[PDB]
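S.K.: Please find the sequence and an experimentally derived structure below.
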Amino acid sequence: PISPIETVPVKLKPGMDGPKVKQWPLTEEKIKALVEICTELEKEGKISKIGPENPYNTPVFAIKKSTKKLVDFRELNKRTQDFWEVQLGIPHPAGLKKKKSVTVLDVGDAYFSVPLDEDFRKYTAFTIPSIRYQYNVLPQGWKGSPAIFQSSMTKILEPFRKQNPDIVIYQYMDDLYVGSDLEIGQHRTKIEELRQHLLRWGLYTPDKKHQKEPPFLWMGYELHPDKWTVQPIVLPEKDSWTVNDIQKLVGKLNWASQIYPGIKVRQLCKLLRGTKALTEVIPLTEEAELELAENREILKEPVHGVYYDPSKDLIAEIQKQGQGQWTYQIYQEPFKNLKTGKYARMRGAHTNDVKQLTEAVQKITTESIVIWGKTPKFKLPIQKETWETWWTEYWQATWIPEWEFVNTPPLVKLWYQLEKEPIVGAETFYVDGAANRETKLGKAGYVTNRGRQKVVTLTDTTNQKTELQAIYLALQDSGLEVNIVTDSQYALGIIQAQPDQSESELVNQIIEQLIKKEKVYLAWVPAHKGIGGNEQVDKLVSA
Amino acid sequence: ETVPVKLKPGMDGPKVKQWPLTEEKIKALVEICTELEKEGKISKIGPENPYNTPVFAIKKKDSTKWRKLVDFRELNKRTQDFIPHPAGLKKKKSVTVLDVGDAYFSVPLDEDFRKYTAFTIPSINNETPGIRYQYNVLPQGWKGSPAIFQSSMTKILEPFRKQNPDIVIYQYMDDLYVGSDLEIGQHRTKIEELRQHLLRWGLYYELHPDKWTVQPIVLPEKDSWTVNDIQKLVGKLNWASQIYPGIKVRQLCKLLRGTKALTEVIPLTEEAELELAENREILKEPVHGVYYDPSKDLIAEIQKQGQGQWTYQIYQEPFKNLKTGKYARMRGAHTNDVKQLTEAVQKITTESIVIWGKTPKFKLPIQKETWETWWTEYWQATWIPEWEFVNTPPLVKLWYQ
Ligand SMILES: Cc1ccnc2c1NC(=O)c1cccnc1N2C1CC1
């Protein structure tokens, strides 16, 4: 199975140098195993004898237990130059186009069939304990074998690809999936042309008798040449459940959330709190028994999908499934999905549904460009008016590809709006907050044009925390309308940004007050200046 | 022959990675790339070449033709070092820009440096391994190119310069900058004249420098002022005080002493009126003593004002702007912040070339994912600047509005 394929030039990292590792003096029991092995090997072409000139050497072994050799090239690896990354991204079902037929050739010992850079060839020396040999083909587990093989493979297919453009090949690992639209006899015939072709260059593949049959499993899916399916998975039942046990369940259920709806893992997840060991056994609660059940049913329903049709539009629709959470599906024919997924509640310092929705869209657009090299038409649960309103009031640059409204509650909206101008007849609060940086002691509070005022001492606080506090107070103690003037450009920013979701207790308490009011106008002024009002609170929140 | 070239001490070749491109953009790169192979400009490479730089395709001014574009920003920084920018150009009256990337194809590239230029064409859905190639001649976008080919450049420009000794020609990477003072008719032609002279060796948008300044800050003019009104003015004024330190606000603050209603209209004393007048008069001109330091980097910051507006400022040292301005709209895509921001970036880079002949380090008010997903869909220059993303303050904008 020697190849007539030109070799790829190799070199060791600069400065580095070939291995010169000693050779074990193991028993002649294994020797005779090697002597033979290597001989046929030798006369097979794979290796060749040597002697005086190769001062390099790597430990070689003979193994019994397979009850009927393993060279270790680790040291040669951390010596070899780096090669170009091997395709790391791979095909996803929803990206393929339907076929009449699909076969998968198994490039077996593909590796050992490929020549090794005659030059670099020496460093692969090893001696059989009392014959010196050299490798001549890509060795198992050596740095460059994967990369190099894939390429060589790519070449050998070039002509054939040019001549049979209606044929489609996918190289992966030690596999060649070939599908087409020809007739079942014609298809069978073509495949045999490939075999011979490959056979031509020293790469043997089994025949139609010794093959593998459809469908084929690919990262969760079962693939037919006409459609695909998702094997209904199983959730074992029992009394004993280690933490480890529970973690795994969560994992499986989690991946299925993508494909199946109403999947939940909360109560089942709230079961790892406190755990002291992976071997620990948490008594399955009730809600965690009830939930584990609902999921089992839902998982019994089969799921069928279709492939891609280049002559049709792509279309994605998104849904607000609770705070921070979103669901989407992509199709070309109403009801007939290509792919669907879910995005877990991104949780930040402060955002809103409009901002969140924007990212989901972006992620989906990135995804799409990679599957199809296109971007779908969006259908969204947001008003066109809401979008124009946010677009103008927001500082960051923002955008959404062509889309159209799809009334389908819950819609995504803005939970409150700030006044563009102050309010006539509304109270006016001037708020401040100060905190020491060496003791972290602080004071918050306000004064108004209606005589009233309040202050408040704090502990373990900071400048931005107290500053936000002053505002909460004011919001808290007042009518349905209000004018608020603060000197913290920090707190202005957060709010100016009309946030509706956050991890801070305080920000939320504020967001809540804000949602309540009838009219709110937030205003800013330089700190510590003469500016009346501000110099009152300024004095009260100091000590 | 080929003049040898090397990476700076210690540096190794780029290993950036390929972004995925749309279908339309892949097909085009294949056509384009095959041809260049036939002509021996580029050659398919082996897996033993570990390097890599990203590429993509753009449309130009208006053709249906695409242009290959390679982002050598990185390779350029690692390439060794090797004309004295014409002060004239800026003070000119009309500069037209021409693309000369071609000339580089007629020159061999020292084969030892070639590997470093490797790049990869992607495949949809990863069904196909990418297609790898490395340059055999001088590649567009690279720093070394314009250098290595100058000896020849002047040589060809030799005559036209002599002929017209009052027109300035400055080169930047793949671009040629030509500036005159002629009527915008016999200007447009003198260019073409060159287009042909230039086409005898072998190659193939009117700017207006005289109006690029440091636009002045203004203040509101009011019928009657209210507390809100005054507060706001004090805010902005205070800011500006940093640039013009003689700006005052003691009299305007005095008007607010108390704890009054926000809408309560207040009368201006004769003192406040003065303060205003003076302050207005101090802002009628840019600040004193602001000079370009060439041992420092140009920086460009941009704010979004809304309604299609964007303001910017090119500076080297905080608060001492070398230039400021605003970019808006003219009949195009009615609403696409991304498109606009890209265009804006290009307009600014251009000036930084005309004037100082180098690119500015951008600060973009946007999010990485948004920017990286779409900017290529609207780019148009042979060059690409450096940039970072940020969270714009509130004042900053209010101030420049
Ligand atoms: C696993 C895999 C990866 C990429 N493409 C394919 C396959 N396998 C198939 O069974 C298949 C099914 C439908 C369409 N293309 C397919 N093929 C293509 C080769 C005909």
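M.R.: Ah, there it is. Numbers count the residues shown, from 1 in each chain, chains lettered A, B, ... in the order given.

S.K.: all helices for the chain, in order.
M.R.: Just so you know, I chose chain A. Per DSSP state H, chain A carries helices over the ranges A:28-44, A:74-77, A:145-163, A:184-200, A:243-256, A:266-269, A:287-298, A:353-371, A:384-393, A:463-476, A:489-496, A:505-516, A:534-540.

S.K.: my bad, chain B
M.R.: Applying DSSP H to chain B gives helices spanning B:23-38, B:73-78, B:87-91, B:144-148, B:151-163, B:186-198, B:227-241, B:250-254, B:270-282, B:337-354, B:368-374, B:395-400.

S.K.: Can you list the neighbours in contact with the fifth one?
M.R.: In this case it means helix B:151-163. Residues outside helix B:151-163 that contact it (Cβ atoms under 8 Å, 6 or more residues apart in numbering or on different chains): B:103, B:107, B:146, B:167, B:169, B:171, B:193-194, B:197-198, B:201. (Each C-beta comes from the backbone N, C-alpha and C, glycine too.)

S.K.: about what we covered before: can you lay out the helices of chain A as JSON lines showing mean neighbour count?
M.R.: Formatted as JSON lines, the entries for the helices of chain A read as follows, by neighbours: other Cβ atoms under 10 Å in any protein chain shown:
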{"stretch": "helix A:28-44", "mean neighbour count": "14"}
{"stretch": "helix A:74-77", "mean neighbour count": "16"}
{"stretch": "helix A:145-163", "mean neighbour count": "17"}
{"stretch": "helix A:184-200", "mean neighbour count": "14"}
{"stretch": "helix A:243-256", "mean neighbour count": "16"}
{"stretch": "helix A:266-269", "mean neighbour count": "16"}
{"stretch": "helix A:287-298", "mean neighbour count": "15"}
{"stretch": "helix A:353-371", "mean neighbour count": "20"}
{"stretch": "helix A:384-393", "mean neighbour count": "14"}
{"stretch": "helix A:463-476", "mean neighbour count": "21"}
{"stretch": "helix A:489-496", "mean neighbour count": "19"}
{"stretch": "helix A:505-516", "mean neighbour count": "16"}
{"stretch": "helix A:534-540", "mean neighbour count": "19"}
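
S.K.: What residues does residue B:92 make contact with?
M.R.: Residue B:92 neighbours (Cβ under 8 Å, 6+ apart): B:168, B:179-181, B:209-210.

S.K.: Give me the domain ranges for the chain.
M.R.: Because you didn't say which chain, this covers chain A. Domains of chain A are assigned by curated CATH domains as A:1-86+A:112-145, A:87-111+A:146-214, A:215-308, A:309-415, A:416-539.

S.K.: Not quite, go with chain B.
M.R.: B:1-87+B:113-153, B:88-112+B:154-208, B:209-292, B:293-399.

S.K.: Pull the distance from the longest one to the chain's centre.
M.R.: Average the C-alpha atoms of domain B:1-87+B:113-153, do the same for its chain, and the two points are 21 Å apart (Cα atoms, centre = their mean, to the nearest Å).

S.K.: what's the span of that domain, first residue to last?
M.R.: 17 Å (Cα to Cα, to the nearest Å).

S.K.: Can you give me the neighbour number for the residue in chain B that the ligand sits nearest to?
M.R.: With Cβ to the nearest ligand atom, the shortest gap between chain B and the ligand falls at residue B:127, namely 5.8 Å. Using other Cβ atoms under 10 Å in any protein chain shown, residue B:127 has 18 other residues around it.

S.K.: cool, and residue A:88?
M.R.: 7.

S.K.: how much space between it and chain B?
M.R.: Using Cβ to the nearest Cβ, to the nearest Å, we find residue A:88 at a distance of 9 Å from chain B.

S.K.: And the nearest residue to residue A:114 once chain neighbours are set aside, its phi and psi?
M.R.: Distance criterion Cβ to Cβ, 6 or more residues apart in numbering or on different chains; nearest residue to residue A:114, sequence neighbours excluded, is residue A:138 at 4.7 Å. Residue A:138 adopts backbone torsions of phi -60, psi 120, taken as degrees, to the nearest 10.

S.K.: Fine by me, we can end here.
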